[PDB]
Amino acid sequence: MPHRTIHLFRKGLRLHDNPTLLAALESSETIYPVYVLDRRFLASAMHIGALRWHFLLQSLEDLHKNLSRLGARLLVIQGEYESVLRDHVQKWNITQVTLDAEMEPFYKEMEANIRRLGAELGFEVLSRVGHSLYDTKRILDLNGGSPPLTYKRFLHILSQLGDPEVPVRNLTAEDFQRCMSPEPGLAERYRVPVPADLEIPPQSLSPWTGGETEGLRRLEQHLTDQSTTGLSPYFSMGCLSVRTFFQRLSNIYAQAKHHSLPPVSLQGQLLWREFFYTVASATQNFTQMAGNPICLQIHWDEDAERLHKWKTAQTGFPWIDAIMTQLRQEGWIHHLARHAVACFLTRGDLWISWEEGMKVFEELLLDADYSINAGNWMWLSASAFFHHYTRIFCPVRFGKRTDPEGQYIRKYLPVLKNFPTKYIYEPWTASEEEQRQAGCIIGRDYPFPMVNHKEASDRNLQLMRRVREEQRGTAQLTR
């Protein structure tokens, strides 16, 4: 097998079900498994908070450990991807560059640029899809060329397509004997960087640890303990294959003689992911409002202070602030916690663009996912997909049903930990003497509520009603 190959990890930070890396190994005599840490590209294309960096560095360290166990290595190269490639195609006499075929426009532009560079430097470019359950083009083809815009129509198309794609085989030590992974000269240049190298606090205090190893452990541990799986960061980073997880769930359904539906329900979660991936792959301007053909055009308020309070857990609604605090401190929050804060920010209370919430979630979520994040933010703002706009989450009462003593609030907002339960969700209703007894003066130690919920939601309902009465055709696209 003739090629000398660089495999570029972008997502797909895993050795199981990695079709591109497998294709690289099967076509090559020499391989350099590379992660390019390109601060300029990342600065131009995304927003990445400290917890996300920690999770990435952990996933890269794990990939390096796992590659090393097979007699290979991970090479982390810090630089601009085009200049890195020009240098190392020369250094290593590269004839093929492989990379996962991601659907995100910034990854597609990178891929386009690498293919142009290949035509110039003399390397072929090979990419395989490892991020989706289905061949997205086949879904579009069955739907007439456009993406299904409802989950119902999506499931109808999938029922014509059949089963998802199956995972490819695991990589073996024998793969790296047939296709050698040479130790480059100056191999210290290619170490996974430590947090200090990224100007980031050295201690990761998120209960999540990145990497394929932990993703697989969690995956197997969830199937043993059985609250959701908590696997989203691993799917978003590609430490875990959705095709592998889907098939694992099919295996359980098979061993239960088709009598266990909880694995089927969980497969449905992956199908929601596929739904948004499919819409996102074929919709112009998917991650913004303007120019987005499925998105209601809503004159959201430009109020950076309102956004600032929401982002920094200073809304004065403890349920909202506790959730935003968990997001900031841990990088993951439950699906319905995301509903609560996203509705509050957008159609419910603050009337701030879903684009701004999306960007905050992008910075803070370990599982930040281009397609999922935008699709769900359009959903939670009733900009597309969701149409029950008279239903607004109550930032006080929703948590009361869930957690009447406010243990979650007391955990994430310790300033409120001594508030009697009758005030824990609305501490501004306590008398000043009760505030003094709790050791927490509202407006000083914890803010007053930034809006009157009833007034704000009343006003926003009227605005949303006008939008939907005027933009009927756009609303109907996703109904």
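A residue's number is simply how far along the shown sequence it sits, counting from 1.
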How big is the unmodelled gap, if any, between residue 226 and residue 227 relative to the deposited sequence? Choose none, 1 to 3, 4 to 9, or 10 or more. 10 or more
Quick check on the record: does 278 to 286 or 174 to 182 carry the larger mean Cα temperature factor? 174 to 182
When mean C-alpha B-factors in the record are compared for 345 to 353 and 200 to 208, the larger belongs to 200 to 208
Among 315, 113, 136, 160, highest Cα B-factor in the entry goes to 160
Based on the PDB record, which member of 195, 105, 230, 268 exhibits the highest Cα temperature factor? 195
Quick tally, chain-level thirds of C-alpha B-factors: residue 27 sits in the middle
Residue 145 by Cα B-factor - lowest, middle or highest third of the modelled chain: highest
Third of chain Cα B-factors occupied by residue 44: highest
Residue 247: which third of its chain by C-alpha temperature factor? middle
Position of residue 167 among the chain's modelled residues by C-alpha B-factor, lowest, middle or highest third: lowest
